[PDB]
RNA sequence: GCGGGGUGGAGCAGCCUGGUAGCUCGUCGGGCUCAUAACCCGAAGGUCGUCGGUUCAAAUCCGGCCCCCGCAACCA
RNA sequence: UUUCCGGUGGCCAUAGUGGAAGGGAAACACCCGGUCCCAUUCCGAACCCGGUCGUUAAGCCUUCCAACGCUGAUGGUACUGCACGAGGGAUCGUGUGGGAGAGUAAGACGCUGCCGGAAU
RNA sequence: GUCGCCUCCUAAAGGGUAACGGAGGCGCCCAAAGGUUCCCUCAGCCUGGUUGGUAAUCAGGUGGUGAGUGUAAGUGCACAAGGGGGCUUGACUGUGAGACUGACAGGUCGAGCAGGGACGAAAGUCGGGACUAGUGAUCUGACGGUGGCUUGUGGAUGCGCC
Ligand SMILES: [Mg+2]
Ligand SMILES: [Mg+2]
Ligand SMILES: [Mg+2]
Ligand SMILES: [Mg+2]
Ligand SMILES: [Mg+2]
Ligand SMILES: [Mg+2]
Ligand SMILES: [Mg+2]
Ligand SMILES: [Mg+2]
Ligand SMILES: [Mg+2]
Ligand SMILES: [Mg+2]
Ligand SMILES: [Mg+2]
Ligand SMILES: [Mg+2]
Ligand SMILES: [Mg+2]
Ligand SMILES: [Mg+2]
Ligand SMILES: [Mg+2]
Ligand SMILES: [Mg+2]
Ligand SMILES: [Mg+2]
Ligand SMILES: [Mg+2]
Ligand SMILES: [Mg+2]
Ligand SMILES: [Mg+2]
Ligand SMILES: [Zn+2]
Ligand SMILES: [Zn+2]
């Protein structure tokens with residue numbers, strides 16, 4: 001008959017933004033899982049080995065632009 | 001028979017056949033033309049039959065434009081076989097026609113014989129079509 | 001030693017005055033002058049052995065007076081039979097006093113003793129006031145020896161001048177003095 | 001300049017065997033330069049050859065017959 | 001087989017502190033590294049075991 | 001469908017892998033003979049079925065295609 | 001206080017690209033050297049050092065030019081959540097909310113903060 | 001024919017989503033292709049130039065990403081994560097606030113701290129590699145270290161821990 005040379009696929013990795021704008025986060029809380037820097041680390045946000053953006057401090061998450069880059073900041077809580 | 005030299009992917013999903021014509025709803029090259037009033041798939045064999053009819057009727061004068069191109073491949077399941085075992089091999093090449101799309105254009109021919117040639121062509125197409133002009 | 005070269009002195013006085021008078025530059029620092037001299041040699045038959053590169057290095061070092069930059073192959077090519085990163089050419093950049101005295105030596109000594117020398121074409125400018133030409137043979141530089149050269153090699157000589165246009169570049173290099181025929 | 005990578009390069013007299021002596025600088029090891037011909041000595045542009053050609057095809061005819 | 005697992009032991013307290021991989025063909029001889037030896041409590045020279 | 005094969009004029013090597021295409025016969029030129037066959041001495045001869053890709057580089061690696069084979073195409 | 005200019009940010013083309021004209025008081029710059037720290041996978045070109053003569057030609061600065069590019073409504077259309085409807089069928093229509101892309105008028109030869117400079 | 005892992009599409013603008021659906025990869029590699037610090041900008045095109053040709057090396061002009069990235073693809077990266085030089089071993093030991101993601105086993109990220117280092121004038125960065133595949137639970141056995149236990153005591157032997 002016939003057969004397919006396809007049928008392989010990788011497991012779902014579950015990327016994407018995990019905390020949206022204004023959401024209160026704790027220090028170290030993961031903000032976005034991603035491959036490559038679609039979002040760059042902004043103020044109060046660190047970037048991990050697999051390009052995960054996480055919170056360096058408590059506060060509220062905001063998405064903005066720092067110079068020419070899309071960045072994610074954590075504004076310290078009032 | 002119009003067949004593309006190559007395509008990126010030979011096995012493709014069926015083209016969307018919803019909606020009106022995205023573009024190319026107006027004459028761009030010739031004086032008269034065929035405008036499809038209904039959507040559908042237009043195979044290269046049908047395109048060739050219509051083009052042969054128009055050219056043969058208009059004899060030596062005038063020039064014909066084929067606005068659409070059958071660049072979408074259609075696979076066919078292997079005959080007499082149960083469902084499954086992957087997608088088939090491309091067997092037909094079609095163009096995605098939507099209402100209002102200008103299929104063929106003609107220029108350099110008097111209006112009456114142009115109309116008759118367009119009638120000959122339209123009787124070979126699988127969807128309803130009409131003769132259009134630049135308001136004369 | 002400390003002495004401003006003959007060719008540099010001639011350039012400054014005679015050539016700067018001549019250009020100022022017969023091009024009418026409205027600004028004093030617009031008279032063109034030699035910017036640099038580049039001595040290249042592509043020794044592409046070095047993909048099979050290294051001795052040819054060593055000989056080329058020795059020859060260019062003796063001719064110019066400084067160690068050459070050895071360029072490795074940017075990309076490998078099978079029909080030229082060169083791999084990636086192999087040394088296939090060497091070049092020297094001369095500026096200032098070394099530039100002036102090498103140019104003086106070349107013009108006064110070397111190309112005069114080219115076999116059946118007929119001069120250099122005036123139509124070998126890049127189109128921006130810079131003039132590059134080629135020597136098919138090397139030992140004609142009498143600053144090197146004669147009976148120890150591994151093989152005959154050639155080279156490319158490029159004069160890069162601060163000249164905006166081809167005509168004024170030609171005027172500058174003529175005033176400096178080249179053998180310029182009236183042929184293509 | 002980098003020390004130890006460049007050749008010996010010192011004051012150098014050149015004599016062209018045509019009445020020309022000059023004081024350039026080169027790498028001529030333990031010695032100077034004894035040229036065979038100079039620029040102002042070469043027969044190229046000092047104008048001492050003027051070969052052009054010998055195109056008198058008829059001129060040859062009356063040379064050997066006229 | 002071509003990139004075997006090599007074990008670095010400190011040359012002071014002969015303790016197999018680390019394990020890593022070499023190329024055997026690109027690095028045929030035993031490899032020398034300065035790593036932290038927990039027993040020696042400092043950075044000591046580490047050598048591949050024989 | 002599975003697997004193999006296509007290289008001078010013919011029949012066959014070169015395919016783990018890239019870089020140097022070989023043997024036998026035949027073709028062609030010269031000897032030997034009265035002449036032919038045989039034999040002796042020299043030479044040419046295939047850019048590798050085709051399209052495309054990989055790669056610095058393809059007879060060799062990969063895919064499509066064409067040709068030739070073999071096998072399978074079963075249970076009621 | 002103002003004007004002009006040099007640095008250093010912010011917005012990241014409404015700022016760019018290209019063309020034209022003009023300017024240097026401080027300043028910037030090219031420029032002049034390489035002795036000295038230092039430097040070139042060769043080269044005092046660059047980096048670095050020493051000068052500020054020369055020069056506004058260029059960078060830089062000012063004015064001008066919608067020319068390429070950029071920005072860009074309103075209205076309409078596509079699509080669409082929900083609720084229905086019509087065709088033999090591809091598919092299409094309506095109600096009620098949302099509503100582009102393109103295109104059109106147009107905008108635009110940048111805006112703004114701090115520090116320093118020379119003058120007022 | 002397929003069975004685990006990775007990338008894309010299908011997948012309907014979070015995540016997830018099946019088929020013997022459509023495309024490809026993986027079972028490595030690198031002592032630098034890791035760390036750090038400083039420096040650099042490509043491909044293409046045009047012109048001129050010994051050998052030299054479309055294309056080697058050189059010069060000028062142009063050119064912002066179309067080159068490049070150890071390896072698929074996507075997301076990234078010209079601020080370079082791309083190219084080069086110097087010095088190095090953090091391809092660390094003891095840790096992990098706080099999260100991500102799975103029915104679970106599990107998979108992933110991680111600030112801060114101490115020890116002891118590398119680099120940098122410093123600010124600082126470094127718990128392998130631009131990112132995501134390059135992998136196998138438990139059992140049983142093995143080697144190295146440690147010396148917790150050892151059936152009367154001391155050894156031995158065996159076991160435990162790492
Ligand atoms: Mg990392
Ligand atoms: Mg990692
Ligand atoms: Mg259009
Ligand atoms: Mg039976
Ligand atoms: Mg608009
Ligand atoms: Mg709009
Ligand atoms: Mg999704
Ligand atoms: Mg959805
Ligand atoms: Mg399901
Ligand atoms: Mg790098
Ligand atoms: Mg390790
Ligand atoms: Mg925790
Ligand atoms: Mg994973
Ligand atoms: Mg520390
Ligand atoms: Mg230090
Ligand atoms: Mg890497
Ligand atoms: Mg790196
Ligand atoms: Mg068991
Ligand atoms: Mg007892
Ligand atoms: Mg431990
Ligand atoms: Zn002479
Ligand atoms: Zn130790």
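Averaged over residues, the count of other Cβ atoms within 10 Å places the peptides C:21-28, C:63-70 in the sequence C:63-70, C:21-28, highest first.
Note on the range C:1-107: Cα convex hull, mean projected area over all directions, 9.5 nm². Inter-chain neighbour count for C:139-147: the average number of beta-carbon atoms from partner chains within 10 Å of each residue's beta-carbon is 2.
Two numbers describe the Cα atoms of chain D: Rg and Dmax, which are 22.8, 76 Å. Compute the acute angle (0 to 90°) between the alpha-carbon long axis of helix C:51-64 and the principal axis of greatest extent of the alpha-carbon atoms of chain C; round to the nearest 10°. Roughly 20 degrees, rounded to the nearest 10.
Peptides D:20-33, B:32-45, B:110-123, ordered by how many other C-beta atoms sit within 10 Å of their residues on average, highest first, read B:32-45, B:110-123, D:20-33. The angle separating the long axis of helix B:44-58 from the principal Cα axis of greatest extent in chain B is about 20 degrees. Look at the stretch D:23-33: the mean tally of other chain Cβ atoms within 10 Å of its residues' Cβ atoms is 5. Per-residue shielding of C:61-74, expressed as the average number of other chain Cβ atoms within 10 Å of the residue Cβ, stands at 3. Just need the Rg to Rh number for the protein assembly as shown, please, alpha carbons only, Kirkwood Rh. Using only Cα positions, Rg/Rh for the protein assembly as shown is 1.18. One Cα centroid belongs to chain A, the other to the range C:100-161; the line between them spans 63 Å. Panel values: chain A, Kirkwood radius from alpha carbon pairs, Stokes-Einstein at 37 °C and 0.692 mPa s, translational diffusion coefficient 241 µm²/s.
Here chain B is treated as a sphere whose radius is the Kirkwood value from Cα pairs; by Stokes-Einstein at 20 °C and 1.002 mPa s it diffuses with a coefficient of 135 µm²/s. Most tightly packed first, judged by the mean number of other beta-carbon atoms within 10 Å of their residues, the peptides C:98-105, A:44-51 read C:98-105, A:44-51. Here the scattering of the range B:1-50 is modelled by Debye summation over its C-alpha atoms, one equal scatterer each and no solvent; at q = 0.20, 0.24, 0.25 Å⁻¹ the log10 of I(q)/I(0) is -1.08, -1.28, -1.28. The separation of the range C:26-93 from the range E:10-25, counted between C-alpha centres, amounts to 46 Å.
With ideal geometry, Cβ positions are generated from the backbone for all residues, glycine too; neighbour counts draw on all protein chains shown. Only the coordinates and a few stated rules stand behind these numbers; no lab work does.
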